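Beneath this line is the structure, given in structure tokens, with notes to follow.
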Amino acid sequence: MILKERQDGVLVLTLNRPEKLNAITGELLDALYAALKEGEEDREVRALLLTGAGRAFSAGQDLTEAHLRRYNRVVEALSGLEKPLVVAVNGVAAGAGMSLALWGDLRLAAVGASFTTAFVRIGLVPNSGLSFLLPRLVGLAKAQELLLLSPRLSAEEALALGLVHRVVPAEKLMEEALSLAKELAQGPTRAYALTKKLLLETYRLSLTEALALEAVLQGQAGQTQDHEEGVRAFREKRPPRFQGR
Amino acid sequence: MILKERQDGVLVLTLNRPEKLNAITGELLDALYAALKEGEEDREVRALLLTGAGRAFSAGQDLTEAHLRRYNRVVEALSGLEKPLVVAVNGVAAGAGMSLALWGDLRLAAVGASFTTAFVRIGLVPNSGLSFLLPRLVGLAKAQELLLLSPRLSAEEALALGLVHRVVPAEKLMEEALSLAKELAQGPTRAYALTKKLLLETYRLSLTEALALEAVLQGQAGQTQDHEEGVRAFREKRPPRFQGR
Amino acid sequence: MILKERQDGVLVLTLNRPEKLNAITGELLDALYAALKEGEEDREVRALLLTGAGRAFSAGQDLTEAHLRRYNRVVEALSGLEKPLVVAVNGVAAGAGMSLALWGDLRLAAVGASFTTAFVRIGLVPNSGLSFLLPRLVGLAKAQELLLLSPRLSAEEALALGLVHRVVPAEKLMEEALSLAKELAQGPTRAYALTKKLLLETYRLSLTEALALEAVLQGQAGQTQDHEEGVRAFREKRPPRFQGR
Ligand SMILES: CC(C)(COP(=O)(O)OP(=O)(O)OC[C@H]1O[C@@H](n2cnc3c(N)ncnc32)[C@H](O)[C@@H]1OP(=O)(O)O)[C@@H](O)C(=O)NCCC(=O)NCCSC(=O)CC1=CCC=CCO1
Ligand SMILES: CC(C)(COP(=O)(O)OP(=O)(O)OC[C@H]1O[C@@H](n2cnc3c(N)ncnc32)[C@H](O)[C@@H]1OP(=O)(O)O)[C@@H](O)C(=O)NCCC(=O)NCCSC(=O)CC1=CCC=CCO1
Ligand SMILES: CC(C)(COP(=O)(O)OP(=O)(O)OC[C@H]1O[C@@H](n2cnc3c(N)ncnc32)[C@H](O)[C@@H]1OP(=O)(O)O)[C@@H](O)C(=O)NCCC(=O)NCCSC(=O)CC1=CCC=CCO1
């Protein structure tokens, strides 16, 4: 239901109900939560890559039969990952499927992938963080339209809006996604984690508080081995070798 | 001063001081407030459509006319509508005229319509929610330029920035706007209303609080007839028929 | 280390360690703070223009040179300037160099200028307000990519993202920047200042609080000579002449 697989410091997670377009059930949420918590705790894992099996990323909640609490746990786990997350959207992302996709720090879609909010078509509001992420990602103007009218957006339109950072031919998506994940897995994991904490908080903070948090987290980044390594690397005009500590 | 008219669940409100380009006065604000309160309370109204009479949408505050509290009341009523609002910008929107236009959830402009913040040219700051809406809609970088330099944007540029969602020839604007409003008036009114409550709050909330509010409001959407209808519709591969409750 | 120079109500500040690409040291920060405080207090100054000497704007923290409180003081002073700030990016802006550049209310880059977040390359998080400004300026999607991958962006890409408002040939940059600064120096300084206070706060405020602050600050703008002048100018179809009070 969630396939796992490690590779050069990258934990690859695959949503696996392909015949139902990876539609989301309680069980899948429970398994997804577990994989994410495992990936967080495993120190050998320095990057995650999330994708779907088959033709789709995920068509969202399975409309074949508490549940809210389950989604929320996954989102707290996705958002709080102290490790870069790459998302490879290999096909349709609808409803909470789109929500999950959008939690990637770096996001790639296949030519032929698509995105639809879908919630409103079922008389529901956006969940799994979409009301949070979407206006931040594409701006309020596009958020309003995408949410209220629920159009189906193509990969190329998703790229233009900032829903994804790169579009790639289907057969190359995993190769590029994994290649990016591997590179991130070599990079300064602590700097990544703390930069993400700043981005997650930025909009609700006053400048004063933003400056204070930057100070505190810069303080911590400053005492990592990776920063020592980083400065040394720059001085001795060579690439750094980061360990994530 | 504010024309009203119902049609298939849509309340159409027209700013009507056309010879003064629908420039805004205390009286017009008072009439607008009343129409909006009525529209909110009327259960047979499932969508609103706001437009201007004549050449212009609105040239903003009438410069030939405490008072700020009056604008604010109208904005609380505009923004808090528990019903999709369509805006059809039939000509120039300047100052609080632009503020009002931008409160549409879905916004259409006529080909020769135009937008100017105007405020700074009169030595004023933005009002009527523009300092709120604009940076959210188009991002801080464009907000700074639009506000501090007050250029005049065309319909096509407004479309590119997300200030409007669709551009249409003048003579077709009302037909398309009303047609959109009628379609929204058939859709899940509660889902629309609650989505808007989430969008209004999103930027000041931490992820944790955002997830909590999504849960509460999803809880309520979940107990509407429209959601039952929504799920049933998907199962029995047919279009849903929503009532807004 | 910081060159100063007045001209038609514009204070021009130049970062001057050109041989080290205007890399930032404690001393430079202290000198920059002083110049900014002076510019703030001088009533004859109605605009600032910040630039770099030589090939670069600033390559960020000098890696040859807790300390965060020093940067923060400068940022509080930059952000709280009650006067439009123009920034002319004449060459590379990296790390806190990019942070400082982005505090411009209006920003110009030379053809040939470039931008790099840089922080993550040395295993650090963004500072000097970049985690605050960047997501606001270009949206969260681009912020994620710019910060985590630290690409070097060209002037034209920076323009497309909103990092700068205008790109100009190198030999004309100062002429255009100063010309813009001079125009702003003739405009309604108080309206500028108060608009900036609204923009700085907007994201963490509820609509209700945003409307209240607009009322309070509009109240103040309303009692300036410049507003009287502004209204008078519109009535007597002529350009206003503003004094900034
Ligand atoms: C765009 C998409 C996802 C894909 O369309 P196509 O590419 O055209 O494929 P298809 O629809 O033709 O069908 C593929 C098969 O998979 C099935 N399927 C495709 N989604 C589903 C599905 N969500 N369920 C069951 N079978 C499905 C579908 O029934 C089909 O089986 P069958 O036709 O053989 O019976 C399409 O099916 C669609 O528009 N909607 C379905 C997805 C959808 O609306 N999800 C929103 C659910 S709400 C949500 O995200 C979160 C949520 C959170 C919390 C609390 C409460 C409620 O909701
Ligand atoms: C671009 C626009 C809107 C229209 O351009 P044109 O198509 O060129 O028309 P026009 O300028 O030639 O004027 C047409 C007629 O309507 C009148 N009008 C055209 N705006 C106006 C107008 N805001 N007032 C009166 N008559 C007007 C104008 O004087 C003319 O009347 P007349 O020919 O009967 O003399 C133009 O009038 C303009 O540049 N500026 C007016 C916009 C403006 O400054 N709005 C107020 C900004 S501040 C705000 O919104 C709210 C506010 C609220 C509360 C408290 C304090 C302060 O502010
Ligand atoms: C893209 C850029 C800026 C430009 O590269 P190029 O155009 O290829 O020129 P270049 O690298 O050859 O530089 C020319 C000279 O200036 C020197 N320089 C050029 N930046 C520097 C420099 N940041 N430092 C010393 N010498 C430099 C550099 O060593 C060179 O001298 P050399 O001939 O002795 O090698 C490149 O240097 C780059 O990717 N990164 C350098 C900038 C950088 O890493 N900034 C880190 C900012 S960290 C921050 O903002 C705040 C901070 C706050 C608090 C506490 C701890 C740490 O950090």
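Each chain of the structure tokens is named A, B, ... in the order shown, its residues numbered from 1; ligands are numbered from 1 in display order.
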
Please report, as a tab-separated table, each residue of chain A lying at most 7 Å from ligand 1, together with the nearest pair of atoms and the separation in Å rounded to one decimal; use only C-alpha atoms and all ligand atoms, and order rows by chain and ascending residue number.
residue	atom	partner	partner_atom_place_in_ligand_line	distance
A:19	CA	ligand 1	16 (O)	6.7
A:20	CA	ligand 1	16 (O)	4.5
A:21	CA	ligand 1	16 (O)	5.5
A:23	CA	ligand 1	23 (N)	5.5
A:59	CA	ligand 1	3 (C)	4.1
A:60	CA	ligand 1	50 (O)	4.0
A:61	CA	ligand 1	47 (C)	4.2
A:62	CA	ligand 1	24 (N)	3.5
A:63	CA	ligand 1	24 (N)	3.9
A:64	CA	ligand 1	25 (C)	5.5
A:67	CA	ligand 1	55 (C)	6.4
A:68	CA	ligand 1	54 (C)	5.8
A:92	CA	ligand 1	3 (C)	6.0
A:93	CA	ligand 1	3 (C)	6.7
A:94	CA	ligand 1	3 (C)	5.2
A:95	CA	ligand 1	50 (O)	3.0
A:96	CA	ligand 1	50 (O)	3.9
A:97	CA	ligand 1	50 (O)	6.2
A:116	CA	ligand 1	1 (C)	6.6
A:118	CA	ligand 1	44 (O)	4.8
A:119	CA	ligand 1	48 (S)	4.8
A:121	CA	ligand 1	44 (O)	6.7
A:122	CA	ligand 1	48 (S)	6.5
A:124	CA	ligand 1	57 (C)	6.6
A:127	CA	ligand 1	53 (C)	6.1

Can you list every residue of range 36-149 of chain A that has an atom at most 8 Å from range 160-175 of chain B, with its nearest atom pair and the distance in Å to one decimal, using only C-alpha atoms, ordered by chain then number, as a Markdown table?
| residue | atom | partner | partner_atom | distance |
| --- | --- | --- | --- | --- |
| A:141 | CA | B:162 | CA | 5.2 |
| A:142 | CA | B:162 | CA | 6.5 |
| A:145 | CA | B:165 | CA | 7.4 |

Counting only C-alpha atoms, chain B residues within 7 Å of chain A, as a PDB file with N, CA and C atoms, in the first residue's frame:
ATOM      1  N   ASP B 105     -14.809  36.751  -5.760  1.00  0.00           N
ATOM      2  CA  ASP B 105     -14.150  35.456  -5.697  1.00  0.00           C
ATOM      3  C   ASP B 105     -13.770  35.062  -7.119  1.00  0.00           C
ATOM      4  N   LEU B 106     -14.657  35.381  -8.069  1.00  0.00           N
ATOM      5  CA  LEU B 106     -14.332  35.208  -9.475  1.00  0.00           C
ATOM      6  C   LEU B 106     -14.505  36.552 -10.146  1.00  0.00           C
ATOM      7  N   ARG B 136      -1.609  39.645  -1.266  1.00  0.00           N
ATOM      8  CA  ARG B 136      -2.063  38.260  -1.337  1.00  0.00           C
ATOM      9  C   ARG B 136      -2.333  37.836  -2.789  1.00  0.00           C
ATOM     10  N   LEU B 137      -2.954  38.708  -3.586  1.00  0.00           N
ATOM     11  CA  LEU B 137      -3.391  38.352  -4.933  1.00  0.00           C
ATOM     12  C   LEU B 137      -2.204  38.283  -5.905  1.00  0.00           C
ATOM     13  N   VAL B 138      -1.268  39.247  -5.834  1.00  0.00           N
ATOM     14  CA  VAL B 138      -0.288  39.372  -6.902  1.00  0.00           C
ATOM     15  C   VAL B 138       1.132  39.283  -6.367  1.00  0.00           C
ATOM     16  N   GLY B 139       1.256  39.160  -5.036  1.00  0.00           N
ATOM     17  CA  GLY B 139       2.531  39.037  -4.360  1.00  0.00           C
ATOM     18  C   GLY B 139       3.067  40.415  -3.990  1.00  0.00           C
ATOM     19  N   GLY B 162      -3.397  37.891 -12.411  1.00  0.00           N
ATOM     20  CA  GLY B 162      -4.420  37.268 -11.586  1.00  0.00           C
ATOM     21  C   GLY B 162      -5.438  38.259 -10.996  1.00  0.00           C
ATOM     22  N   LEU B 163      -5.310  39.556 -11.289  1.00  0.00           N
ATOM     23  CA  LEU B 163      -6.275  40.544 -10.839  1.00  0.00           C
ATOM     24  C   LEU B 163      -7.672  40.217 -11.376  1.00  0.00           C
ATOM     25  N   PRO B 188     -22.447  23.957  -4.769  1.00  0.00           N
ATOM     26  CA  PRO B 188     -22.573  23.718  -3.326  1.00  0.00           C
ATOM     27  C   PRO B 188     -22.241  24.960  -2.487  1.00  0.00           C
ATOM     28  N   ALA B 191     -20.111  24.723   0.615  1.00  0.00           N
ATOM     29  CA  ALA B 191     -18.709  24.468   0.326  1.00  0.00           C
ATOM     30  C   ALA B 191     -18.027  25.776  -0.099  1.00  0.00           C
ATOM     31  N   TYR B 192     -18.709  26.560  -0.948  1.00  0.00           N
ATOM     32  CA  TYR B 192     -18.182  27.846  -1.371  1.00  0.00           C
ATOM     33  C   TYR B 192     -17.917  28.751  -0.151  1.00  0.00           C
ATOM     34  N   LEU B 194     -17.533  28.131   3.033  1.00  0.00           N
ATOM     35  CA  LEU B 194     -16.534  27.689   4.001  1.00  0.00           C
ATOM     36  C   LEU B 194     -15.113  27.741   3.436  1.00  0.00           C
ATOM     37  N   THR B 195     -14.978  27.460   2.122  1.00  0.00           N
ATOM     38  CA  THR B 195     -13.720  27.655   1.425  1.00  0.00           C
ATOM     39  C   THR B 195     -13.269  29.110   1.567  1.00  0.00           C
ATOM     40  N   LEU B 198     -11.781  29.860   4.945  1.00  0.00           N
ATOM     41  CA  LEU B 198     -10.413  29.365   5.046  1.00  0.00           C
ATOM     42  C   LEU B 198      -9.435  30.297   4.323  1.00  0.00           C
ATOM     43  N   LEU B 199      -9.830  30.798   3.136  1.00  0.00           N
ATOM     44  CA  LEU B 199      -8.929  31.651   2.365  1.00  0.00           C
ATOM     45  C   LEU B 199      -8.694  32.976   3.094  1.00  0.00           C
ATOM     46  N   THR B 202      -5.975  32.330   5.886  1.00  0.00           N
ATOM     47  CA  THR B 202      -4.894  31.377   5.697  1.00  0.00           C
ATOM     48  C   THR B 202      -3.518  31.941   6.079  1.00  0.00           C
ATOM     49  N   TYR B 203      -3.247  33.206   5.723  1.00  0.00           N
ATOM     50  CA  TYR B 203      -1.909  33.771   5.790  1.00  0.00           C
ATOM     51  C   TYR B 203      -1.444  34.006   7.217  1.00  0.00           C
ATOM     52  N   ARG B 204      -2.376  34.241   8.156  1.00  0.00           N
ATOM     53  CA  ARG B 204      -1.932  34.548   9.501  1.00  0.00           C
ATOM     54  C   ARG B 204      -1.839  33.310  10.396  1.00  0.00           C
ATOM     55  N   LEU B 205      -2.189  32.124   9.836  1.00  0.00           N
ATOM     56  CA  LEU B 205      -2.294  30.924  10.625  1.00  0.00           C
ATOM     57  C   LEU B 205      -1.034  30.074  10.486  1.00  0.00           C
ATOM     58  N   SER B 206      -0.639  29.430  11.601  1.00  0.00           N
ATOM     59  CA  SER B 206       0.357  28.385  11.555  1.00  0.00           C
ATOM     60  C   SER B 206      -0.282  27.174  10.874  1.00  0.00           C
ATOM     61  N   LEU B 207       0.567  26.267  10.363  1.00  0.00           N
ATOM     62  CA  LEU B 207       0.043  25.062   9.765  1.00  0.00           C
ATOM     63  C   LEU B 207      -0.879  24.376  10.775  1.00  0.00           C
ATOM     64  N   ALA B 210      -4.113  25.963  10.963  1.00  0.00           N
ATOM     65  CA  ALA B 210      -4.798  25.835   9.688  1.00  0.00           C
ATOM     66  C   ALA B 210      -5.456  24.460   9.590  1.00  0.00           C
ATOM     67  N   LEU B 211      -4.710  23.409   9.966  1.00  0.00           N
ATOM     68  CA  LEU B 211      -5.225  22.051   9.946  1.00  0.00           C
ATOM     69  C   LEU B 211      -6.416  21.929  10.906  1.00  0.00           C
ATOM     70  N   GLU B 214      -9.446  23.655   9.223  1.00  0.00           N
ATOM     71  CA  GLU B 214      -9.885  22.834   8.116  1.00  0.00           C
ATOM     72  C   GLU B 214     -10.746  21.693   8.659  1.00  0.00           C
ATOM     73  N   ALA B 215     -10.288  21.051   9.756  1.00  0.00           N
ATOM     74  CA  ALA B 215     -11.030  19.951  10.363  1.00  0.00           C
ATOM     75  C   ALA B 215     -12.395  20.443  10.813  1.00  0.00           C
ATOM     76  N   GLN B 218     -14.467  21.332   7.696  1.00  0.00           N
ATOM     77  CA  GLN B 218     -14.720  20.134   6.918  1.00  0.00           C
ATOM     78  C   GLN B 218     -15.786  19.301   7.609  1.00  0.00           C
ATOM     79  N   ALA B 221     -18.998  20.892   6.595  1.00  0.00           N
ATOM     80  CA  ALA B 221     -19.310  20.621   5.198  1.00  0.00           C
ATOM     81  C   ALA B 221     -19.794  19.176   5.064  1.00  0.00           C
ATOM     82  N   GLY B 222     -19.172  18.290   5.862  1.00  0.00           N
ATOM     83  CA  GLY B 222     -19.409  16.857   5.858  1.00  0.00           C
ATOM     84  C   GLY B 222     -20.847  16.491   6.227  1.00  0.00           C
ATOM     85  N   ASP B 226     -25.611  18.550   0.575  1.00  0.00           N
ATOM     86  CA  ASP B 226     -24.856  18.688  -0.657  1.00  0.00           C
ATOM     87  C   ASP B 226     -23.678  17.714  -0.698  1.00  0.00           C
ATOM     88  N   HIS B 227     -23.077  17.421   0.459  1.00  0.00           N
ATOM     89  CA  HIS B 227     -21.962  16.485   0.469  1.00  0.00           C
ATOM     90  C   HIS B 227     -22.449  15.060   0.216  1.00  0.00           C
ATOM     91  N   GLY B 230     -23.107  14.907  -3.218  1.00  0.00           N
ATOM     92  CA  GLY B 230     -21.863  14.902  -3.963  1.00  0.00           C
ATOM     93  C   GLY B 230     -21.296  13.490  -4.115  1.00  0.00           C
ATOM     94  N   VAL B 231     -21.261  12.770  -2.984  1.00  0.00           N
ATOM     95  CA  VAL B 231     -20.698  11.430  -2.932  1.00  0.00           C
ATOM     96  C   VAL B 231     -21.605  10.485  -3.724  1.00  0.00           C
TER      97      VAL B 231
END

From a DSSP calculation on the backbone, collect every residue of range 104-186 of chain C in helix (DSSP H, G or I) and output the set as an mmCIF file with N, CA and C atoms, in the first residue's frame.
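Writing the result to states_26.cif gives the following:
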data_model
loop_
_atom_site.group_PDB
_atom_site.id
_atom_site.type_symbol
_atom_site.label_atom_id
_atom_site.label_comp_id
_atom_site.auth_asym_id
_atom_site.auth_seq_id
_atom_site.Cartn_x
_atom_site.Cartn_y
_atom_site.Cartn_z
ATOM 1 N N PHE C 119 23.336 31.063 1.068
ATOM 2 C CA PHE C 119 23.362 30.542 2.428
ATOM 3 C C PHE C 119 23.588 29.023 2.499
ATOM 4 N N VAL C 120 22.796 28.248 1.730
ATOM 5 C CA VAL C 120 22.758 26.809 1.922
ATOM 6 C C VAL C 120 24.069 26.159 1.480
ATOM 7 N N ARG C 121 24.783 26.826 0.566
ATOM 8 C CA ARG C 121 26.044 26.340 0.022
ATOM 9 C C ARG C 121 27.090 26.247 1.131
ATOM 10 N N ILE C 122 26.925 27.035 2.214
ATOM 11 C CA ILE C 122 27.876 26.973 3.323
ATOM 12 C C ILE C 122 27.198 26.387 4.554
ATOM 13 N N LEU C 130 15.683 37.426 4.759
ATOM 14 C CA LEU C 130 15.423 36.838 3.452
ATOM 15 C C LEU C 130 14.288 35.817 3.534
ATOM 16 N N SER C 131 14.200 35.087 4.653
ATOM 17 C CA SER C 131 13.158 34.091 4.835
ATOM 18 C C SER C 131 11.795 34.785 4.905
ATOM 19 N N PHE C 132 11.802 36.050 5.349
ATOM 20 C CA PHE C 132 10.620 36.895 5.415
ATOM 21 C C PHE C 132 10.291 37.424 4.015
ATOM 22 N N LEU C 133 11.254 38.098 3.382
ATOM 23 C CA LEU C 133 10.984 38.863 2.177
ATOM 24 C C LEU C 133 10.731 37.947 0.978
ATOM 25 N N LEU C 134 11.563 36.907 0.823
ATOM 26 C CA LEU C 134 11.595 36.162 -0.430
ATOM 27 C C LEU C 134 10.240 35.516 -0.747
ATOM 28 N N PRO C 135 9.602 34.753 0.174
ATOM 29 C CA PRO C 135 8.311 34.115 -0.124
ATOM 30 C C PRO C 135 7.253 35.169 -0.435
ATOM 31 N N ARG C 136 7.316 36.324 0.259
ATOM 32 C CA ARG C 136 6.395 37.425 -0.024
ATOM 33 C C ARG C 136 6.623 37.973 -1.440
ATOM 34 N N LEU C 137 7.882 38.100 -1.858
ATOM 35 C CA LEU C 137 8.205 38.763 -3.106
ATOM 36 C C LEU C 137 7.913 37.869 -4.314
ATOM 37 N N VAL C 138 8.255 36.569 -4.232
ATOM 38 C CA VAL C 138 8.230 35.758 -5.443
ATOM 39 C C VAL C 138 7.297 34.567 -5.279
ATOM 40 N N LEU C 140 5.915 31.247 -2.482
ATOM 41 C CA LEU C 140 6.587 30.196 -1.735
ATOM 42 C C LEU C 140 7.261 29.220 -2.692
ATOM 43 N N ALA C 141 6.638 28.932 -3.845
ATOM 44 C CA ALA C 141 7.156 27.949 -4.793
ATOM 45 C C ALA C 141 8.577 28.300 -5.231
ATOM 46 N N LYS C 142 8.782 29.548 -5.651
ATOM 47 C CA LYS C 142 10.085 30.002 -6.134
ATOM 48 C C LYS C 142 11.053 30.170 -4.968
ATOM 49 N N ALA C 143 10.518 30.563 -3.799
ATOM 50 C CA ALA C 143 11.351 30.737 -2.615
ATOM 51 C C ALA C 143 12.030 29.417 -2.251
ATOM 52 N N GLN C 144 11.249 28.315 -2.206
ATOM 53 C CA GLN C 144 11.715 26.975 -1.912
ATOM 54 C C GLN C 144 12.907 26.639 -2.812
ATOM 55 N N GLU C 145 12.713 26.815 -4.120
ATOM 56 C CA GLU C 145 13.723 26.452 -5.093
ATOM 57 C C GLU C 145 14.945 27.360 -4.932
ATOM 58 N N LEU C 146 14.730 28.673 -4.857
ATOM 59 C CA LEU C 146 15.846 29.607 -4.775
ATOM 60 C C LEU C 146 16.692 29.343 -3.540
ATOM 61 N N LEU C 147 16.017 29.054 -2.412
ATOM 62 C CA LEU C 147 16.700 28.887 -1.142
ATOM 63 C C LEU C 147 17.372 27.516 -1.051
ATOM 64 N N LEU C 148 16.669 26.440 -1.463
ATOM 65 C CA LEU C 148 17.204 25.122 -1.177
ATOM 66 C C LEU C 148 18.282 24.732 -2.187
ATOM 67 N N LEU C 149 18.180 25.232 -3.429
ATOM 68 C CA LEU C 149 19.085 24.801 -4.492
ATOM 69 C C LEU C 149 20.118 25.877 -4.789
ATOM 70 N N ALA C 155 19.772 38.643 -14.294
ATOM 71 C CA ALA C 155 18.924 39.809 -14.145
ATOM 72 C C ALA C 155 17.537 39.553 -14.746
ATOM 73 N N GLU C 156 17.496 38.952 -15.947
ATOM 74 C CA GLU C 156 16.236 38.816 -16.661
ATOM 75 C C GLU C 156 15.351 37.792 -15.952
ATOM 76 N N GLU C 157 15.934 36.737 -15.366
ATOM 77 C CA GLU C 157 15.128 35.792 -14.592
ATOM 78 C C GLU C 157 14.626 36.449 -13.309
ATOM 79 N N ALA C 158 15.479 37.272 -12.676
ATOM 80 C CA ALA C 158 15.099 37.994 -11.472
ATOM 81 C C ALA C 158 13.913 38.919 -11.750
ATOM 82 N N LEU C 159 13.912 39.552 -12.939
ATOM 83 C CA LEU C 159 12.810 40.403 -13.376
ATOM 84 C C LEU C 159 11.525 39.584 -13.497
ATOM 85 N N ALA C 160 11.621 38.393 -14.087
ATOM 86 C CA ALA C 160 10.451 37.562 -14.317
ATOM 87 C C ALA C 160 9.847 37.118 -12.983
ATOM 88 N N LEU C 161 10.680 36.860 -11.963
ATOM 89 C CA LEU C 161 10.204 36.395 -10.673
ATOM 90 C C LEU C 161 9.685 37.550 -9.804
ATOM 91 N N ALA C 170 24.041 48.206 -18.064
ATOM 92 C CA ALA C 170 24.940 48.507 -16.945
ATOM 93 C C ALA C 170 25.260 50.007 -16.864
ATOM 94 N N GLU C 171 25.549 50.599 -18.043
ATOM 95 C CA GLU C 171 26.053 51.954 -18.147
ATOM 96 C C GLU C 171 24.935 52.951 -17.858
ATOM 97 N N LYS C 172 23.680 52.488 -17.847
ATOM 98 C CA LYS C 172 22.560 53.384 -17.622
ATOM 99 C C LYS C 172 21.915 53.164 -16.247
ATOM 100 N N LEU C 173 22.371 52.161 -15.480
ATOM 101 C CA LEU C 173 21.681 51.744 -14.270
ATOM 102 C C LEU C 173 21.533 52.912 -13.297
ATOM 103 N N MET C 174 22.648 53.581 -12.999
ATOM 104 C CA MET C 174 22.621 54.644 -12.009
ATOM 105 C C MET C 174 21.780 55.821 -12.488
ATOM 106 N N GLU C 175 21.818 56.081 -13.795
ATOM 107 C CA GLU C 175 21.072 57.203 -14.335
ATOM 108 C C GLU C 175 19.574 56.945 -14.147
ATOM 109 N N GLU C 176 19.118 55.708 -14.443
ATOM 110 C CA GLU C 176 17.709 55.353 -14.286
ATOM 111 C C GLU C 176 17.315 55.233 -12.811
ATOM 112 N N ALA C 177 18.171 54.600 -12.004
ATOM 113 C CA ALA C 177 17.885 54.446 -10.578
ATOM 114 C C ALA C 177 17.734 55.805 -9.903
ATOM 115 N N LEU C 178 18.700 56.703 -10.158
ATOM 116 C CA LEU C 178 18.710 58.024 -9.550
ATOM 117 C C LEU C 178 17.506 58.834 -10.044
ATOM 118 N N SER C 179 17.160 58.651 -11.321
ATOM 119 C CA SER C 179 16.039 59.350 -11.912
ATOM 120 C C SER C 179 14.734 58.914 -11.239
ATOM 121 N N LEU C 180 14.595 57.612 -10.980
ATOM 122 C CA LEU C 180 13.449 57.099 -10.239
ATOM 123 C C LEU C 180 13.441 57.648 -8.808
ATOM 124 N N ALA C 181 14.606 57.607 -8.145
ATOM 125 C CA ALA C 181 14.730 58.093 -6.778
ATOM 126 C C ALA C 181 14.342 59.561 -6.683
ATOM 127 N N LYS C 182 14.741 60.357 -7.692
ATOM 128 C CA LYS C 182 14.454 61.787 -7.701
ATOM 129 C C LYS C 182 12.958 62.025 -7.814
ATOM 130 N N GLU C 183 12.293 61.246 -8.671
ATOM 131 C CA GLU C 183 10.851 61.340 -8.866
ATOM 132 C C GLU C 183 10.124 60.978 -7.571
ATOM 133 N N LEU C 184 10.551 59.883 -6.928
ATOM 134 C CA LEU C 184 9.962 59.499 -5.653
ATOM 135 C C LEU C 184 10.209 60.589 -4.605
ATOM 136 N N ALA C 185 11.353 61.276 -4.708
ATOM 137 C CA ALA C 185 11.724 62.306 -3.746
ATOM 138 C C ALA C 185 10.815 63.533 -3.866
#

- Message: Taking the DSSP secondary structure from the backbone, can you list the residues of range 28-204 of chain C that are strand (DSSP E or B), as a PyMOL selection string?
- Response: chain C and resi 47-52+58+61+85-89+92-94+106-110+114-116+153-154+166-168

Across B:78, B:48, B:101, B:2, the smallest distance to ligand 2, with only C-alpha atoms and all ligand atoms counted, is shown by B:101

Which residues come within 12 Å of residue 34 in chain B, counting only C-alpha atoms, excluding same-chain residues fewer than 5 positions away, as a PDB file with C-alpha atoms, in the first residue's frame?
ATOM      1  CA  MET B   1     -27.670  54.272  -6.441  1.00  0.00           C
ATOM      2  CA  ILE B   2     -27.433  50.502  -6.006  1.00  0.00           C
ATOM      3  CA  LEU B   3     -29.660  48.651  -8.484  1.00  0.00           C
ATOM      4  CA  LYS B   4     -30.878  45.196  -7.470  1.00  0.00           C
ATOM      5  CA  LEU B  13     -25.947  44.556  -7.775  1.00  0.00           C
ATOM      6  CA  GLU B  27     -24.914  57.112   0.675  1.00  0.00           C
ATOM      7  CA  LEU B  28     -23.781  54.612  -1.965  1.00  0.00           C
ATOM      8  CA  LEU B  29     -21.836  52.686   0.708  1.00  0.00           C
ATOM      9  CA  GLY B  39     -28.316  39.144  -0.281  1.00  0.00           C
ATOM     10  CA  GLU B  40     -26.614  37.347   2.602  1.00  0.00           C
ATOM     11  CA  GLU B  41     -29.906  36.659   4.444  1.00  0.00           C
ATOM     12  CA  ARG B  73     -18.571  47.765   7.248  1.00  0.00           C
ATOM     13  CA  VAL B  74     -19.130  47.234   3.519  1.00  0.00           C
ATOM     14  CA  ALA B  77     -20.128  42.393   4.439  1.00  0.00           C
ATOM     15  CA  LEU B  78     -18.521  41.816   0.970  1.00  0.00           C
TER      16      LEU B  78
END

- Pick from B:233, B:98, B:212, B:111: nearest to ligand 2, with only C-alpha atoms and all ligand atoms counted?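 With only C-alpha atoms and all ligand atoms as the atom set, the closest residue is B:98.
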
Figure out the distance between atom 27 (C, counted along the ligand's line) of ligand 3 and CA of residue 238 in chain A, please, to one decimal in Å.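 Between these atoms lies a distance of 14.5 Å.
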
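Rounded to one decimal, CA of residue 197 in chain C and CA of residue 25 in chain B lie 26.9 Å from each other.
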
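Across the structure, atom 42 (C, counted along the ligand's line) of ligand 3 and CA of residue 82 in chain A are spaced 25.1 Å apart.
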